[PDB]
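Everything below concerns the one structure shown next.
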Amino acid sequence: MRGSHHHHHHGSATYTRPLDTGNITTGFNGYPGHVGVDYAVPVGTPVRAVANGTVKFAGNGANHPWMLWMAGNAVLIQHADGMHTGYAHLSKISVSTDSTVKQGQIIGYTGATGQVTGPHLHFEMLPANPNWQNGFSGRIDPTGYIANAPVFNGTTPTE
Ligand SMILES: [Zn+2]
């Protein structure tokens, strides 16, 4: 068995960026009524916490009935700023409601427990307390969390 003792300072990432952004402020990629963003990625891939906080929701797909469930696996957590972030269309959860979380921590596994077409990732970010009084529905751009994310082939601006 292999065992690690020392950790890295910067951190590695062999996974590529499925998107560049996601905003339902103008018009979504054919997904109407969407309050988040979706990234086509095969089911069973470990989902890590994009930022430390607290689990406000943990919809475990391991024992979830279809009595009160239809979307499948979901995870709502309060980020480091107090904002909210959901993780939907997963196949499993490693967390639990009211439990504390940490960035990069495996909070679940990707899935397709919603509609049967293809597995993906749903990332919805909202304020600490939204103003659902029309305007944004509290849902905004994940670009703030994707800027500190890995590199897809290498996107240069000029130089
Ligand atoms: Zn979605």
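Throughout the sequence shown, residue numbering follows the deposited numbering, covering 1 to 159 in sequence.
By construction, the Cβ of each residue, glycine as well, lies at the ideal position given by its N, Cα and C atoms.
Candidates the options: closest to residue i by CA position
i, options, result
"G86", "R2, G108, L68, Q133", "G108"
"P142", "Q133, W69, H79, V95", "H79"
"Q103", "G3, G118, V55", "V55"
"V95", "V75, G114, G111", "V75"
"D81", "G33, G36, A51, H64", "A51"
Cα-Cα separation between residue i and residue j, rounded to whole angstroms
i, j, result
"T25", "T97", "30 Å"
"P42", "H120", "6 Å"
"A128", "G144", "16 Å"
"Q105", "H84", "17 Å"
"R139", "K92", "24 Å"
"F123", "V116", "19 Å"
"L126", "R2", "40 Å"
"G72", "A49", "18 Å"
"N134", "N153", "38 Å"
Rounded Cβ spacing between residue i and residue j (contact assumed at less than 8 Å)
i, j, result
"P18", "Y31", "At roughly 14 Å, the Cβ-Cβ gap does not stay under 8 Å, so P18 and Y31 are not in contact."
"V101", "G53", "6 Å"
"residue 160", "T110", "Here the chain covers residues 1 to 159 and nothing more, so residue 160 does not appear."
Own chain, CB closer than 7 Å to residue i, minus 5 neighbours either side, in chain order
i, result
"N148", "none"
Own chain, CB closer than 6 Å to residue i, minus 5 neighbours either side, in chain order
i, result
"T16", "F152"
Chain-order list of residues whose beta-carbon lies under 8 Å from that of residue i (same chain, five-residue window excluded)
i, result
"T21", "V37, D141, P142, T143, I146"
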